[PDB]
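# Tertiary structure, described
As a plain string of letters, each chain reads:
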Amino acid sequence: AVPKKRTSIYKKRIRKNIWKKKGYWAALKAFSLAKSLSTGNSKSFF
Amino acid sequence: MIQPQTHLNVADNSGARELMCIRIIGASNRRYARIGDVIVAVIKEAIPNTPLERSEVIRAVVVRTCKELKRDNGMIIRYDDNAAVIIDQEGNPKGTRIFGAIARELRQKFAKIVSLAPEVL
Amino acid sequence: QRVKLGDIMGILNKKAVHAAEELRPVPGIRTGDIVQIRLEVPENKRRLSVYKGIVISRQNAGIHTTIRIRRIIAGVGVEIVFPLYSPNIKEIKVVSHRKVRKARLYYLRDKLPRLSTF
Amino acid sequence: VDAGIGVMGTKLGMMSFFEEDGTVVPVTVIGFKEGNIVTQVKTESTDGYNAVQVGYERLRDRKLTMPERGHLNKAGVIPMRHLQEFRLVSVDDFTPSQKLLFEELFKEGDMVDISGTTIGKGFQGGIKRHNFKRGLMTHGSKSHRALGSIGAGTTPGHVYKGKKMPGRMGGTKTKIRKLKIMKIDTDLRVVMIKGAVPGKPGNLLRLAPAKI
Amino acid sequence: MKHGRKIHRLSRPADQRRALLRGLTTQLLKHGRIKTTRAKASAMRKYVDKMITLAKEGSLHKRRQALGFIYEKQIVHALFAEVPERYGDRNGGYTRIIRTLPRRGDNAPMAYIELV
RNA sequence: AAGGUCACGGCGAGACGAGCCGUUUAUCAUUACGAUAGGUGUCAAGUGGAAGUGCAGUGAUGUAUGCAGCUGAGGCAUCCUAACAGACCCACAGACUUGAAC
RNA sequence: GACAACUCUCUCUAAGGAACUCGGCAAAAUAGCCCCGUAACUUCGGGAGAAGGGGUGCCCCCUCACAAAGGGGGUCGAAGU
RNA sequence: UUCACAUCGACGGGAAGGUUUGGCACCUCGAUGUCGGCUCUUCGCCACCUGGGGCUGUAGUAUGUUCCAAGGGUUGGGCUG
RNA sequence: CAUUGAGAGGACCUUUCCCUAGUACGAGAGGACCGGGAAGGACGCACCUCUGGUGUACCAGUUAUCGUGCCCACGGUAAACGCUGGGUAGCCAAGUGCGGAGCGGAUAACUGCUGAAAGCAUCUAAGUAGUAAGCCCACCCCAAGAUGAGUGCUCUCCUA
């Protein structure tokens, strides 16, 4: 359970950039919702 | 479903009352003894005017069971107790009058149990 | 002249019950009745077995609309299942009716058997 | 290599056929949404093997993409969803142009094999995937239902591959074998088959003769 | 595995879920338009369609089952005097599940229930 | 561009990703597709006789209305509600070299 | 939100009943009030609530210490502390 | 019964294995947690069974011993940690 | 989309009973090899038609109490069902189906067929035949990240 050693700058920038790329994937969805929130007949967002 | 530590009542007047059955013969499953499987009984208590006493290993036949009995005709037969017949390896028992009803498939291997039975359903 | 949908459970089951009713008529067995079952078993030559008893349930799933029946044979407690649409039965006879306030008489197994002898 | 062309059909529940002898047999009911039209045959000349390619489930054209519907209209047939071939020995006489093959070929052949997607059970443990035993439920025990030991001691230094771990159990296709056919219906488009097919009512089901 | 278990259970135990259903469909029948989460929205949709069509046939038995389900006394008797005059000929589909922005603090998918 | 992804309504699929099925003048007619989910209407099915009234009884209770009443995770029908509004990725003959016939 | 494995706190479990185990550990079972009845042994104080068995809900009537309580009867439920 | 070698083989001799008890003290004590049980492997053959065969003081059944073969199986319990 | 399959997994297990036949063999007593059939056991892959377990979707009986003004009738609570009685769809087995096939290939031990080195011989030195639950293939599934990245069908590359 206890880690034997530490990680490099290598593997950490890989994992942190996979985390922040996983943050990248959930804003073109927000760009699509922000673009559909604009002028148009949409039956949502009262 | 007859485990190797069950108590079976007697279905004859051979001289016992119930039995702790031990480790069935034939079907090598031995944790599920259905009908017609002989069991290596031991006598838990008996009738004390008969040459069948306490602590006596004997062979018997499971003839009634609380577990179901799938038949090809569509019927399913089940009893409310467990019963055995104190048997010998040459067919017939050493007790004549059979108590309680039995089924009829065990006629294909144990015909003397059926012929001495009061009801064959 | 109509093509059929994926509702073939009800029409295979319905025409199966209608065919088995065309073969032999069967009055309905409600829960709590006291009925007779006349069974056809080969090689016995008596060809009419006696099954008196009390219907405990009716697990009706179309062609397995069945009878959980119970009669105290002189030893103890015999509990037989009968498919009502099988070709092995001959006729049913609703002898009596207990008029019981229950759909499932599973209590009656392990009761005092003077109230269970058909 | 299969011993002949088969069909595919959908499961529509289970019931019990009453044989006139008196027996009660549990049968699965097979329907047929659309005829199993031979769409594309692949012979020894233009392909390395020989197989007959049939399909199933005629649909709307919006449900089907341009390469799919272009492939199906290359044969001049209806646009259909499912599509599978049977590899067959080089004695075949099958035209890919709309052979709406009728289901009479299985009744005299009272042995058939079936393949299908079994129902998935998700990420299940080792107690049900590989039929393990659980530990003691009491007597101060703590390894209830757990996986137990995994490998040997120092000398391996690892665990053997293919070791029985928990994982996703169902979802792959299976074939159960030599299943004896029963009463077909030439108007209800329904075949009784005594057994238990893989999956709930609704899924695709390969129905092809035996390979014994 | 959840094959065919079509009850929609929330993040709450069973009796607390029943009280959430009864209270939120009660105040849904009080205000008409309401802000829920989407799980709570569909969970309102089934039960409030059951309560519109329950007092559609305004007998005493339907009114007593309907009064037994809803908390407030004076809202059941304002219901069967309103639903045959309004929701006759609709024949199902009494609500609308207009969704909105997620909630600040949870990113909870947040919905909004009408009566139409 | 073909084809995907998000979103959308979900699943007999599923820890999350996956996968699968829909994503509407959601047929018109002579005969297999354009009902995805919820509701509704019915049919299987479970418990099993509901409330109210009348009758019998001093009353507990039983009885008729009434296989009624609820349940409807399942089947079929029905566009009543939600499948609206969108967005994004991938484009523009697929390097270089030999042989064959045209 | 979802309703994976698996841990934990609980509920039930066909057939059997300790075969599990170091060991009935843990769970299950008994359980309240009245009536009957209660053994070996003993320091004659006890064991003893030994053990074991029956009634128990609700409506009638009468006897009523005229408050507790009793008997007889009916009524339902599969099951009445 | 005759008969060293169907089967045992005395007095002795030659090997293989590293599964017992030992010998050395070569890694490890700024820590390599012993014995049994549960769960779960996998491997060896010096084969208990299953498959094929030789010999038999093998009439047949059942064997005794031995060759090839490790794919698969090798029970439930009373005692005791 | 459709598959070939290099490679890898799983499965290739086993017992009584009956015919042959109370036949060969044996003074009797006993009792075959070989070839078939049938019922099992474990293991595995599935399924819920039947039988059930659970099923806090459900409905039904009842205790204590608080609300719905009160009687009736309901709702809440008695952990994550108050305690029980049953149950549809799921899940499961104890239940239900199915599997373990091959006069297919080569062999290990062995039996051989011709047959020489020593005009006799010998299963072998040339060639070659029967044959093991063992090896491989066939059997069920995954499978071209098999970078050796396969094969077949079909769609689309437009304007300046």
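Structural data are supplied above this passage.
In short, a report on the structure. (Residues numbered from 1 in each chain as written, not as in the entry; some residues may be left out. Chains lettered and ligands numbered in written order. Part of a larger assembly, values for the part shown. Heavy atoms only, no water.)

## Some details on the interface of chain E and chain A
Contacts between the two partners involve six residues from chain E, matched on the other side by five residues from chain A. Of the roughly 580 Å² buried at the junction of chain E and chain A (both faces included), carbon and sulfur atoms supply 78%. By the criterion of area lost to chain A, the three top residues of chain E are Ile98, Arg99 and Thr100 of chain E, representing 62% of everything that side buries. For the pair chain E and chain A, the interface holds zero salt bridges. Between chain E and chain A we count one residue pair in polar contact in total. Across the side of chain E that touches chain A, the residue classes tally to three nonpolar, one polar and two charged. (Contact = heavy atoms within 4.5 Å. Buried area = accessible area lost by both parts, 1.4 Å probe. Salt bridge = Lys/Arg side-chain N within 4 Å of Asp/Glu carboxyl O. Polar contact = N/O pair within 3.5 Å; in protein donor to acceptor, adjacent residues only side chain to side chain. Nonpolar A, V, L, I, M, F, W, Y, C, P; charged D, E, K, R; others polar.)

## Let's talk about the pattern of salt bridges
Two side chains bearing opposite charge may form a pair once their charged atoms approach each other closely. Per the counting criterion, the structure on display carries 14 salt bridges over all chains. With a shortest N-O distance of 2.9 Å, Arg70 of chain C and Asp80 of chain B are connected by a salt bridge. Residue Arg70 of chain C is found in strand β3 (residues 66-71), and its partner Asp80 of chain B is found in the loop between β5 (76-78) and β6 (83-87); the two belong to separate chains. By relative accessible area, which is 18% here, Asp80 of chain B ends up buried. For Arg38 of chain C, the salt bridge identified is with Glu91 of chain C, shortest N-O distance 3.9 Å. Of the two residues, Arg38 of chain C is situated in strand β1 (residues 33-39) and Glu91 of chain C in strand β5 (residues 89-97); the sequence distance between them amounts to 53 residues. Here the salt bridges do not stand alone but share partners, grouping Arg78 and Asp80 of chain B together with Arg70 and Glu79 of chain C into one network. (Helix = DSSP H or I, 4+ residues; strand = E, 2+ residues; numbered from the N terminus. Buried < 20%, exposed > 50% of the residue type's maximum accessible area, 1.4 Å probe, protein only.)

## Some words on the protein's contact with RNA strand I
Residues in contact with RNA strand I amount to 72 residues; listed here are only the nearest, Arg34 of chain B, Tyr49 and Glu85 of chain D together with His3 and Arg17 of chain E. Within 4 Å of the protein, atoms of RNA strand I come from sugar and phosphate in 91% of cases. One of the side-chain N or O atoms of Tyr49 of chain D is found 2.4 Å from a sugar or linking oxygen in RNA strand I. Between RNA strand I and the protein, one listed contact pairs a sugar or linking oxygen with a backbone N or O atom of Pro67 of chain D at 3.2 Å. Of all elements in the fold, only β3 of chain C, β1 (7-18), α1 (66-74), β5 (80-87), α2 (126-129) and β10 (173-179) of chain D together with α1 (14-31) and α3 (60-69) of chain E reach the threshold of two or more residues within the surface near RNA strand I. The leading source of residues in the surface near RNA strand I is β10 of chain D, at seven residues. Tallied by class, residues from the surface near RNA strand I come to 21 nonpolar, 21 polar and 30 charged. (Near = heavy atom within 4 Å.)

## Concerning the packing of helix α2 (residues 38-54) of chain E against α3 of chain E
Residue and element names in this part refer to chain E. Contact pair α2 / α3: the axes reach a minimum separation of 10 Å and the direction vectors enclose 150°. Put simply, α2 runs roughly antiparallel to α3. Our pair here, α2 against α3, has a crossing hand that is left-handed. Across the interface between the two elements, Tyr47, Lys50, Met51 and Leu54 of α2 pack against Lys62, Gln65, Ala66 and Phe69 of α3. Classifying every residue of the contact of α2 with α3 by side-chain character gives five nonpolar, one polar and two charged. (Axes fitted to C-alpha atoms, helices over the stretch in contact; angles between N-to-C directions. Parallel < 35°, antiparallel > 145°, perpendicular 65-115°, else oblique. Left-handed = near helix turned anticlockwise from the far one by under 90°.)

Don't take any of this as a statement about function, it's just geometry.
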